[PDB]
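Encoded as structure tokens, the structure appears first; notes follow it.
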Amino acid sequence: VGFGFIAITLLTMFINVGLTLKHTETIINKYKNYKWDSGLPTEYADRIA
Amino acid sequence: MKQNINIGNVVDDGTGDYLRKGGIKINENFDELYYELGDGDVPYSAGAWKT
């Protein structure tokens, strides 16, 4: 008693961004690069258009 | 400007150009060597000039 007081109000917000973020899945690939600079020799043929 | 097409060194080695870049390094090569002398599809033994 005997005192007033003055009141300012505030607010905060608590939010998860990251839980949604993840890495889904990772994949890779196997390739045969045609550079020239080769002989055939092993095997033959095989895949034929 | 001849658009010379490399392959690396010895056969079977890692280094070489490409099959893919084989083309258009080779094809544009045709054109230019052609295009001055040829003008179009066909070469001119008599030569070709450009207006």
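Top to bottom, those sequences are chains S and Z.
If you count by the entry's author numbering, then the first sequence holds residues 886 to 934, one letter each, in order.
If you count by the entry's author numbering, then the second sequence holds residues 1 to 51, one letter each, in order.
C-beta: ideal position from N, C-alpha, C; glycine also.
Taking the straight line between their C-alpha atoms, what separation do you get for residue i and residue j?
i	j	result
S/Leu-896	S/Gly-887	29 angstroms
S/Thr-911	S/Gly-903	19 angstroms
residue 53 of chain Z	Z/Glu-28	The requested residue 53 of chain Z does not occur in the structure, where chain Z is confined to residues 1 to 51.
residue 970 of chain S	S/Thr-909	Chain S is shown only over 886 to 934; residue 970 of chain S falls outside these bounds and no answer can be derived.
S/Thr-894	S/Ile-913	54 angstroms
Cβ of residue i within 8 angstroms of any heavy atom in the ligand FMN?
i	result
S/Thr-927	Within the structure as shown, the ligand FMN is missing, as the structure has no ligands at all.
Under 9 angstroms, do residue i and residue j count as touching if we go by C-beta distance?
i	j	result
Z/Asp-39	Z/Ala-48	yes
Z/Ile-26	Z/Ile-5	yes
S/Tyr-919	Z/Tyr-18	yes
Z/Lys-2	Z/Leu-37	no
S/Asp-922	Z/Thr-15	yes
Review point. Hey, which unbroken runs of the beta strand (DSSP E) at 3 residues or more fall wholly within the stretch 892-930 of chain S?
Key: none
Check your understanding: Residues in the stretch 904-927 of chain S with C-beta within 9 angstroms of chain Z's C-beta atoms, listed in sequence order?
Key -> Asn-918, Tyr-919, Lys-920, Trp-921, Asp-922, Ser-923, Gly-924 and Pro-926
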